[PDB]
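Can you read through this structure? Questions will come right after.
Nothing in this text is a laboratory measurement; each read-out follows from the coordinates by a stated rule. A quick note on method: Cβ atoms are made from the backbone with ideal geometry, for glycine too, and the neighbour counts reach across all protein chains shown.
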Amino acid sequence: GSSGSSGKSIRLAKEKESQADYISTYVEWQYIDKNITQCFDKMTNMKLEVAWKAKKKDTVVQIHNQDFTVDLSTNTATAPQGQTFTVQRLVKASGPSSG
C-alpha cells in the first residue's frame with residue numbers, strides 16, 4: 001500500500017539555497033580590533049557568513065580565547081569582558097566587469 005506524493009508543487013526553501021550556496025562559496029569576514037584590523041580563521045570566517053545568510057540576528061565566535069557576540073544587524077562584536085569590534089563582509093571576486 002502506497003499513499004503517493006503529497007506536495008511536489010508548493011515551492012520549498014531548500015532548492016533555492018543554491019543561490020546562497022553559490023555565493024557563500026566565496027566570502028571573507030574580518031573584525032576591526034581597538035586599533036588593529038585582523039581577520040577570522042578559515043573555519044570561523046564561515047561561522048559568521050552562515051549567520052549572515054541564514055538571516056540570523058547574531059552569532060557567537062571564539063575571539064582571543066574568549067566567546068564573543070557578533071551582531072550581524074550592526075556588524076559589531078561584543079563581550080561581557082569589555083571589548084567590542086566591528087565585523088565587515090567582503091566578497092572574494094576578481095574579474096574585469098563594468099556593469
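Spelling out what I want: for every residue of the range 80-95, take phi, set θ = phi - 60°, compute 6.51 cos²θ - 1.76 cosθ + 1.60 (Karplus), and round to whole Hz; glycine and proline get x.
Along the range 80-95, the couplings run x, 8, x, 10, 9, 9, 10, 9, 10, 9, 10, 8, 7, 8, 9, x Hz.
For the range 11-99, which GluC sites (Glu not before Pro) are both in a DSSP coil and crowded by at most 12 other Cβ atoms within 10 Å?
Filter output for the range 11-99: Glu15, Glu17.
Can you tell me which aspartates and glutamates have their Cα less than 18 Å from the Cα of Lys57? Leave out same-chain residues fewer than eight positions away.
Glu49, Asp67, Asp71
Given H placed on each backbone N at 1.01 Å, which residues far from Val87 in sequence or on other chains put an amide H within less than 5 Å of it?
It is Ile32, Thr76, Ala77, by chain and number.
Let me ask you something else. Please give me the summed charge of the neighbours of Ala51: other residues whose Cβ is under 12 Å from its Cβ, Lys and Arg +1, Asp and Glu -1.
After counting each charged neighbour, the total is +3.
What number, in nm² with one decimal, is the all-direction average of the projected area of the convex hull of the alpha-carbon atoms of the chain? Don't jump to the answer; show the numbers that get you there.
On the way: hull surface 45.6 nm².
For the Cα atoms of the chain, the hull's average projected area reads 11.4 nm².
With point charges of +1 on the Cβ of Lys and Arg and -1 on the Cβ of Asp and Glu, referenced to the Cα centre of the chain, which listed residue (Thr84, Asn65, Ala51) lies farthest in the positive direction of the dipole?
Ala51
When only Cα pairs under 8 Å and 6 or more residues apart are kept, what is the percent relative contact order across the range 1-74?
18
On to the next question. What's the magnitude of the charge dipole for the chain around its Cα centre, counting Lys and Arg as +1 and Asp and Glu as -1 at the beta-carbon? Answer in Debye, nearest 20.
Details: 13 positive and 10 negative charges, 81 e Å.
So the magnitude is around 380 debye.
Per-residue ellipticity at 222 nm for the chain, helices alone: DSSP H runs ≥ 4 residues times -39500 (n - 2.57), over residue total, nearest 500 deg cm²/dmol? List each step's numbers first, then the result.
Details: 2 runs with 17 residues, N = 99.
Using -39500 (n - 2.57) per qualifying helix, the result is -4500 deg cm²/dmol.
In terms of the ratio Rg/(2.2 N^0.38 Å) built on C-alpha atoms, what value belongs to the range 1-55?
Relative to the rule-of-thumb radius for its length, the range 1-55 sits at 1.84.
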